[PDB]
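K.L.:
The file below is work_34.cif, mmCIF, C-alpha atoms and all ligand atoms; chains and numbers go by the auth columns:
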data_work
loop_
_atom_site.group_PDB
_atom_site.id
_atom_site.type_symbol
_atom_site.label_atom_id
_atom_site.label_comp_id
_atom_site.label_asym_id
_atom_site.label_seq_id
_atom_site.Cartn_x
_atom_site.Cartn_y
_atom_site.Cartn_z
_atom_site.B_iso_or_equiv
_atom_site.auth_seq_id
_atom_site.auth_asym_id
ATOM 1 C CA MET A 1 3.671 4.273 -20.459 0.00 43 A
ATOM 2 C CA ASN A 2 3.897 2.795 -17.027 0.00 44 A
ATOM 3 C CA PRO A 3 7.005 3.207 -14.862 0.00 45 A
ATOM 4 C CA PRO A 4 8.747 0.167 -13.449 0.00 46 A
ATOM 5 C CA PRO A 5 7.097 -0.889 -10.194 0.00 47 A
ATOM 6 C CA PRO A 6 8.583 0.042 -6.828 0.00 48 A
ATOM 7 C CA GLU A 7 11.522 -2.077 -5.785 0.00 49 A
ATOM 8 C CA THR A 8 10.707 -5.315 -3.943 0.00 50 A
ATOM 9 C CA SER A 9 14.128 -7.031 -4.073 0.00 51 A
ATOM 10 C CA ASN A 10 17.539 -5.544 -3.247 0.00 52 A
ATOM 11 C CA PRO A 11 20.182 -7.908 -1.850 0.00 53 A
ATOM 12 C CA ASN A 12 22.487 -5.325 -0.361 0.00 54 A
ATOM 13 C CA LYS A 13 19.700 -3.437 1.449 0.00 55 A
ATOM 14 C CA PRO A 14 19.577 -4.057 5.206 0.00 56 A
ATOM 15 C CA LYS A 15 16.446 -5.912 6.186 0.00 57 A
ATOM 16 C CA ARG A 16 14.896 -7.782 9.101 0.00 58 A
ATOM 17 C CA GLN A 17 12.000 -9.831 10.301 0.00 59 A
ATOM 18 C CA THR A 18 10.609 -8.195 13.433 0.00 60 A
ATOM 19 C CA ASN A 19 7.471 -9.208 15.314 0.00 61 A
ATOM 20 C CA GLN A 20 5.945 -5.886 14.266 0.00 62 A
ATOM 21 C CA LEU A 21 6.580 -6.633 10.585 0.00 63 A
ATOM 22 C CA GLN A 22 5.066 -10.101 11.091 0.00 64 A
ATOM 23 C CA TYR A 23 1.953 -8.407 12.504 0.00 65 A
ATOM 24 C CA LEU A 24 1.817 -6.070 9.507 0.00 66 A
ATOM 25 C CA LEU A 25 1.710 -9.115 7.216 0.00 67 A
ATOM 26 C CA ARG A 26 -0.464 -11.517 9.225 0.00 68 A
ATOM 27 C CA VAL A 27 -2.976 -8.972 10.595 0.00 69 A
ATOM 28 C CA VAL A 28 -2.833 -5.657 8.766 0.00 70 A
ATOM 29 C CA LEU A 29 -2.155 -6.674 5.164 0.00 71 A
ATOM 30 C CA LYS A 30 -4.350 -9.777 5.476 0.00 72 A
ATOM 31 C CA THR A 31 -7.307 -7.739 6.798 0.00 73 A
ATOM 32 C CA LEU A 32 -7.075 -5.093 4.092 0.00 74 A
ATOM 33 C CA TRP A 33 -6.409 -7.535 1.245 0.00 75 A
ATOM 34 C CA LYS A 34 -9.648 -9.508 1.795 0.00 76 A
ATOM 35 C CA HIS A 35 -11.856 -6.405 2.000 0.00 77 A
ATOM 36 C CA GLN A 36 -14.406 -5.875 -0.766 0.00 78 A
ATOM 37 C CA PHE A 37 -12.712 -2.551 -1.596 0.00 79 A
ATOM 38 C CA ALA A 38 -9.148 -3.935 -1.808 0.00 80 A
ATOM 39 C CA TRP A 39 -9.096 -4.752 -5.517 0.00 81 A
ATOM 40 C CA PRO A 40 -7.973 -1.360 -6.967 0.00 82 A
ATOM 41 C CA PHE A 41 -5.076 -1.370 -4.493 0.00 83 A
ATOM 42 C CA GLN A 42 -3.823 -4.944 -5.017 0.00 84 A
ATOM 43 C CA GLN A 43 -1.356 -4.024 -7.784 0.00 85 A
ATOM 44 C CA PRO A 44 0.346 -0.938 -9.216 0.00 86 A
ATOM 45 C CA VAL A 45 -1.893 1.475 -11.090 0.00 87 A
ATOM 46 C CA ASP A 46 -1.822 0.470 -14.753 0.00 88 A
ATOM 47 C CA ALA A 47 -2.068 3.948 -16.245 0.00 89 A
ATOM 48 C CA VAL A 48 -1.977 2.515 -19.760 0.00 90 A
ATOM 49 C CA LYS A 49 -4.963 0.195 -19.317 0.00 91 A
ATOM 50 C CA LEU A 50 -6.943 2.731 -17.278 0.00 92 A
ATOM 51 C CA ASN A 51 -6.134 5.466 -19.844 0.00 93 A
ATOM 52 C CA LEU A 52 -4.594 7.807 -17.242 0.00 94 A
ATOM 53 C CA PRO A 53 -1.694 9.510 -19.052 0.00 95 A
ATOM 54 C CA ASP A 54 -1.415 12.024 -16.207 0.00 96 A
ATOM 55 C CA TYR A 55 -1.233 9.517 -13.334 0.00 97 A
ATOM 56 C CA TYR A 56 2.544 9.157 -13.141 0.00 98 A
ATOM 57 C CA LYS A 57 3.035 12.819 -13.946 0.00 99 A
ATOM 58 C CA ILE A 58 1.175 13.584 -10.712 0.00 100 A
ATOM 59 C CA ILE A 59 1.976 10.578 -8.487 0.00 101 A
ATOM 60 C CA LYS A 60 5.770 10.470 -8.142 0.00 102 A
ATOM 61 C CA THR A 61 5.885 8.018 -5.203 0.00 103 A
ATOM 62 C CA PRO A 62 3.526 5.241 -6.308 0.00 104 A
ATOM 63 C CA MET A 63 2.612 2.503 -3.866 0.00 105 A
ATOM 64 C CA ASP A 64 0.098 -0.327 -3.693 0.00 106 A
ATOM 65 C CA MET A 65 -0.699 -3.365 -1.573 0.00 107 A
ATOM 66 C CA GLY A 66 0.703 -5.807 -4.129 0.00 108 A
ATOM 67 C CA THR A 67 4.083 -4.134 -3.703 0.00 109 A
ATOM 68 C CA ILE A 68 3.688 -4.078 0.089 0.00 110 A
ATOM 69 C CA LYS A 69 2.739 -7.771 0.056 0.00 111 A
ATOM 70 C CA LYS A 70 5.848 -8.628 -1.959 0.00 112 A
ATOM 71 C CA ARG A 71 8.001 -6.513 0.348 0.00 113 A
ATOM 72 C CA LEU A 72 6.618 -8.241 3.443 0.00 114 A
ATOM 73 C CA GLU A 73 6.884 -11.731 1.920 0.00 115 A
ATOM 74 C CA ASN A 74 10.474 -11.009 0.773 0.00 116 A
ATOM 75 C CA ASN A 75 11.375 -9.510 4.187 0.00 117 A
ATOM 76 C CA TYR A 76 12.438 -6.327 2.360 0.00 118 A
ATOM 77 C CA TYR A 77 11.829 -3.890 5.214 0.00 119 A
ATOM 78 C CA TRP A 78 14.087 -2.920 8.101 0.00 120 A
ATOM 79 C CA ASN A 79 11.285 -1.779 10.420 0.00 121 A
ATOM 80 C CA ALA A 80 7.540 -1.416 10.767 0.00 122 A
ATOM 81 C CA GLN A 81 7.665 2.341 10.218 0.00 123 A
ATOM 82 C CA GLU A 82 8.888 1.795 6.651 0.00 124 A
ATOM 83 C CA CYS A 83 5.923 -0.453 5.892 0.00 125 A
ATOM 84 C CA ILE A 84 3.411 1.844 7.611 0.00 126 A
ATOM 85 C CA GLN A 85 4.789 4.657 5.456 0.00 127 A
ATOM 86 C CA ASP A 86 4.088 2.579 2.325 0.00 128 A
ATOM 87 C CA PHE A 87 0.434 2.164 3.360 0.00 129 A
ATOM 88 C CA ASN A 88 0.133 5.886 4.069 0.00 130 A
ATOM 89 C CA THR A 89 1.719 6.723 0.706 0.00 131 A
ATOM 90 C CA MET A 90 -0.824 4.497 -1.010 0.00 132 A
ATOM 91 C CA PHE A 91 -3.777 6.202 0.656 0.00 133 A
ATOM 92 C CA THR A 92 -2.377 9.718 0.184 0.00 134 A
ATOM 93 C CA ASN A 93 -1.700 9.088 -3.509 0.00 135 A
ATOM 94 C CA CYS A 94 -5.348 8.149 -3.964 0.00 136 A
ATOM 95 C CA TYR A 95 -6.484 11.378 -2.288 0.00 137 A
ATOM 96 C CA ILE A 96 -3.995 13.480 -4.291 0.00 138 A
ATOM 97 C CA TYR A 97 -5.041 12.115 -7.675 0.00 139 A
ATOM 98 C CA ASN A 98 -8.813 11.761 -7.135 0.00 140 A
ATOM 99 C CA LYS A 99 -11.512 13.997 -5.743 0.00 141 A
ATOM 100 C CA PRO A 100 -13.541 13.917 -2.529 0.00 142 A
ATOM 101 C CA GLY A 101 -16.571 11.725 -2.878 0.00 143 A
ATOM 102 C CA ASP A 102 -15.221 9.697 -5.779 0.00 144 A
ATOM 103 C CA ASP A 103 -15.881 5.966 -5.437 0.00 145 A
ATOM 104 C CA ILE A 104 -12.143 5.234 -5.236 0.00 146 A
ATOM 105 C CA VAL A 105 -11.737 7.742 -2.408 0.00 147 A
ATOM 106 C CA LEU A 106 -14.620 6.207 -0.474 0.00 148 A
ATOM 107 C CA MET A 107 -12.867 2.850 -0.903 0.00 149 A
ATOM 108 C CA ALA A 108 -9.504 4.181 0.250 0.00 150 A
ATOM 109 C CA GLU A 109 -11.188 5.824 3.254 0.00 151 A
ATOM 110 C CA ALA A 110 -12.789 2.538 4.311 0.00 152 A
ATOM 111 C CA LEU A 111 -9.480 0.685 3.983 0.00 153 A
ATOM 112 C CA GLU A 112 -7.619 3.447 5.816 0.00 154 A
ATOM 113 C CA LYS A 113 -10.052 3.313 8.737 0.00 155 A
ATOM 114 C CA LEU A 114 -9.444 -0.421 9.076 0.00 156 A
ATOM 115 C CA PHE A 115 -5.697 0.114 8.730 0.00 157 A
ATOM 116 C CA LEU A 116 -5.756 2.622 11.600 0.00 158 A
ATOM 117 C CA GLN A 117 -7.773 0.234 13.747 0.00 159 A
ATOM 118 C CA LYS A 118 -5.280 -2.578 13.201 0.00 160 A
ATOM 119 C CA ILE A 119 -2.105 -0.549 13.645 0.00 161 A
ATOM 120 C CA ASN A 120 -3.391 0.658 17.034 0.00 162 A
ATOM 121 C CA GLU A 121 -2.611 -2.892 18.225 0.00 163 A
ATOM 122 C CA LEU A 122 0.884 -3.070 16.722 0.00 164 A
ATOM 123 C CA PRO A 123 2.817 -5.141 19.288 0.00 165 A
ATOM 124 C CA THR A 124 5.787 -3.823 21.202 0.00 166 A
ATOM 125 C CA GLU A 125 9.005 -4.912 19.510 0.00 167 A
ATOM 126 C CA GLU A 126 10.107 -8.211 21.056 0.00 168 A
HETATM 127 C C1 LIG B . -5.748 2.961 -6.946 0.00 201 B
HETATM 128 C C2 LIG B . -6.471 3.966 -7.810 0.00 201 B
HETATM 129 N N1 LIG B . -6.437 5.285 -7.602 0.00 201 B
HETATM 130 N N2 LIG B . -7.176 5.886 -8.504 0.00 201 B
HETATM 131 N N3 LIG B . -7.689 4.999 -9.324 0.00 201 B
HETATM 132 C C3 LIG B . -8.604 5.423 -10.484 0.00 201 B
HETATM 133 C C4 LIG B . -8.118 6.653 -11.084 0.00 201 B
HETATM 134 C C5 LIG B . -9.006 7.043 -12.252 0.00 201 B
HETATM 135 N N4 LIG B . -10.409 7.161 -11.880 0.00 201 B
HETATM 136 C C6 LIG B . -11.129 7.402 -12.916 0.00 201 B
HETATM 137 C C7 LIG B . -12.499 8.048 -12.672 0.00 201 B
HETATM 138 N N5 LIG B . -12.399 9.331 -11.991 0.00 201 B
HETATM 139 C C8 LIG B . -11.816 10.314 -12.883 0.00 201 B
HETATM 140 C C9 LIG B . -13.697 9.798 -11.538 0.00 201 B
HETATM 141 C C10 LIG B . -10.881 5.954 -11.207 0.00 201 B
HETATM 142 C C11 LIG B . -10.017 5.554 -10.014 0.00 201 B
HETATM 143 C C12 LIG B . -7.299 3.764 -8.950 0.00 201 B
HETATM 144 C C13 LIG B . -7.641 2.458 -9.637 0.00 201 B
HETATM 145 C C14 LIG B . -6.745 1.406 -9.648 0.00 201 B
HETATM 146 C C15 LIG B . -7.099 0.224 -10.259 0.00 201 B
HETATM 147 C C16 LIG B . -8.334 0.160 -10.873 0.00 201 B
HETATM 148 C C17 LIG B . -9.160 1.263 -10.801 0.00 201 B
HETATM 149 O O1 LIG B . -10.351 1.137 -11.460 0.00 201 B
HETATM 150 C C18 LIG B . -11.427 1.932 -11.042 0.00 201 B
HETATM 151 C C19 LIG B . -11.875 1.861 -9.758 0.00 201 B
HETATM 152 C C20 LIG B . -12.957 2.643 -9.407 0.00 201 B
HETATM 153 BR BR1 LIG B . -13.583 2.526 -7.624 0.00 201 B
HETATM 154 C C21 LIG B . -13.625 3.452 -10.292 0.00 201 B
HETATM 155 C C22 LIG B . -13.185 3.498 -11.591 0.00 201 B
HETATM 156 C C23 LIG B . -12.089 2.739 -11.953 0.00 201 B
HETATM 157 BR BR2 LIG B . -11.464 2.827 -13.757 0.00 201 B
HETATM 158 N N6 LIG B . -8.833 2.381 -10.192 0.00 201 B
HETATM 159 CL CL CL B . -1.473 6.248 -20.494 0.00 202 B
HETATM 160 CL CL CL B . -16.968 8.123 -8.426 0.00 203 B
#
Spell out the structure here as structure tokens.
Ligand SMILES: Cc1nnn(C2CCN(CCN(C)C)CC2)c1-c1cccc(Oc2cc(Br)ccc2Br)n1
Ligand SMILES: [Cl-]
Ligand SMILES: [Cl-]
P.N.:
Amino acid sequence: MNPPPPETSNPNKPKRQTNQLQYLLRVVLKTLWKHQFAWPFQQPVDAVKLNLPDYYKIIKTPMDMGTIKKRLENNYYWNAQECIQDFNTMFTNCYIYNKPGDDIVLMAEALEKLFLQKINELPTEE
């Protein structure tokens, strides 16, 4: 069975809108989401429908761009580092579960390269 998705709403959690988080939504997330390789990463892994009974035995910190998108749109984060960590968790999970040269890994690698290019221009906090 699938676990509940990562949290995207939590009223008592401290949270902010910073200019860096706005950049992560308007530039970084937007760039990755439109890419031809984004689709596997646009929602949590459905281990039931993909017939992956081992996925959530192996991946204990799941993350995906649908969750990140909801977090950014709901202003769930305190800082940019927390969101950057979510992206890095997503990529790392893909590399942990899959094998070098798999199609999904080639896709994650292309998205990660673009991610790195965009976060190099993360603005100074205003
Ligand atoms: C994210 C993410 N991380 N890992 N995976 C799967 C894990 C299982 N793998 C099976 C084949 N291995 C054993 C060689 C495929 C990749 C996904 C994911 C998420 C949503 C859909 C999706 O569908 C596929 C995408 C591609 Br490209 C290729 C096949 C499918 Br099915 N994959
Ligand atoms: Cl399953
Ligand atoms: Cl493959």
K.L.:
Produce the centre coordinates and the three edge lengths, each in Å to one decimal, of the box along x, y and z that contains all listed atoms of ligand LIG 201 (chain B) with 4 Å added on each side, as JSON.
P.N.:
{"center_x": -9.7, "center_y": 5.2, "center_z": -10.4, "size_x": 15.9, "size_y": 18.2, "size_z": 14.8}
K.L.:
Return as an MDAnalysis selection string every polymer residue, whether protein, DNA or RNA, with at least one atom no more than 6 Å from an atom of ligand LIG 201 (chain B); count all atoms listed in the file.
P.N.:
chainID A and resid 82:83 87 92 136 144:146
K.L.:
Could you tell me how far atom CA of residue 45 of chain A lies from atom CA of residue 106 of chain A, in Å and to one decimal?
P.N.:
13.6 Å
K.L.:
Could you list, as a list in words, every residue matched by the PyMOL selection byres (((chain A and resi 122) around 10) and not hetatm) in this structure?
P.N.:
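Output of the PyMOL selection byres (((chain A and resi 122) around 10) and not hetatm): residues 58, 59, 60, 61, 62, 63, 64, 65, 66, 119, 120, 121, 123, 124, 125, 126, 127, 128, 164 and 167 of chain A.
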K.L.:
Any residue with an atom at most 12 Å from ligand CL 203 (chain B) counts, using all atoms listed in the file. Which are they? Put them as a list in words.
P.N.:
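Residues satisfying the distance criterion: residues 140, 141, 142, 143, 144, 145, 146, 147, 148 and 149 of chain A.
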K.L.:
All residues within 12 Å of ligand CL 202 (chain B) are required, counting all atoms listed in the file; please report them as a tab-separated table (two decimals) with C-alpha atoms, keeping the file's coordinate frame.
P.N.:
chain	number	residue	atom	x	y	z
A	43	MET	CA	3.67	4.27	-20.46
A	44	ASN	CA	3.90	2.80	-17.03
A	45	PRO	CA	7.00	3.21	-14.86
A	87	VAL	CA	-1.89	1.48	-11.09
A	88	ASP	CA	-1.82	0.47	-14.75
A	89	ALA	CA	-2.07	3.95	-16.24
A	90	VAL	CA	-1.98	2.52	-19.76
A	91	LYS	CA	-4.96	0.20	-19.32
A	92	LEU	CA	-6.94	2.73	-17.28
A	93	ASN	CA	-6.13	5.47	-19.84
A	94	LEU	CA	-4.59	7.81	-17.24
A	95	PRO	CA	-1.69	9.51	-19.05
A	96	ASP	CA	-1.42	12.02	-16.21
A	97	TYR	CA	-1.23	9.52	-13.33
A	98	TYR	CA	2.54	9.16	-13.14
A	99	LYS	CA	3.04	12.82	-13.95
K.L.:
Starting from the shown file, work through the PyMOL selection byres (((chain A and resi 162) around 12) and not hetatm) and note down what comes out as a PDB file with C-alpha atoms, in the coordinates of the input.
P.N.:
ATOM      1  CA  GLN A  62       5.945  -5.886  14.266  1.00  0.00           C
ATOM      2  CA  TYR A  65       1.953  -8.407  12.504  1.00  0.00           C
ATOM      3  CA  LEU A  66       1.817  -6.070   9.507  1.00  0.00           C
ATOM      4  CA  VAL A  69      -2.976  -8.972  10.595  1.00  0.00           C
ATOM      5  CA  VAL A  70      -2.833  -5.657   8.766  1.00  0.00           C
ATOM      6  CA  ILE A 126       3.411   1.844   7.611  1.00  0.00           C
ATOM      7  CA  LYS A 155     -10.052   3.313   8.737  1.00  0.00           C
ATOM      8  CA  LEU A 156      -9.444  -0.421   9.076  1.00  0.00           C
ATOM      9  CA  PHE A 157      -5.697   0.114   8.730  1.00  0.00           C
ATOM     10  CA  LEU A 158      -5.756   2.622  11.600  1.00  0.00           C
ATOM     11  CA  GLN A 159      -7.773   0.234  13.747  1.00  0.00           C
ATOM     12  CA  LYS A 160      -5.280  -2.578  13.201  1.00  0.00           C
ATOM     13  CA  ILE A 161      -2.105  -0.549  13.645  1.00  0.00           C
ATOM     14  CA  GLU A 163      -2.611  -2.892  18.225  1.00  0.00           C
ATOM     15  CA  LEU A 164       0.884  -3.070  16.722  1.00  0.00           C
ATOM     16  CA  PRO A 165       2.817  -5.141  19.288  1.00  0.00           C
ATOM     17  CA  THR A 166       5.787  -3.823  21.202  1.00  0.00           C
TER      18      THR A 166
END
K.L.:
Could you tell me how far atom CA of residue 118 of chain A lies from atom CA of residue 68 of chain A, in Å and to one decimal?
P.N.:
15.5 Å
K.L.:
Excluding segment 48-57 of chain A and its own-chain neighbours fewer than 6 positions away, which residues fall within 9 Å of it when counting all atoms listed in the file? Please give them as a PyMOL selection string.
P.N.:
chain A and resi 86+103-105+109-110+112-114+116-121
K.L.:
Between atom CA of residue 77 of chain A and atom CA of residue 101 of chain A, what is the spacing in Å?
P.N.:
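So the answer is 24.3 Å.
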K.L.:
Using all atoms listed in the file, which of the listed residues (A:108, A:168, A:115, A:154) sits closest to residue 130 of chain A?
P.N.:
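Closest to residue 130 of chain A of all the choices is A:154.
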K.L.:
Given only C-alpha atoms as the basis, pick out the residue of A:100, A:139, A:129, A:134 nearest to residue 84 of chain A.
P.N.:
A:129
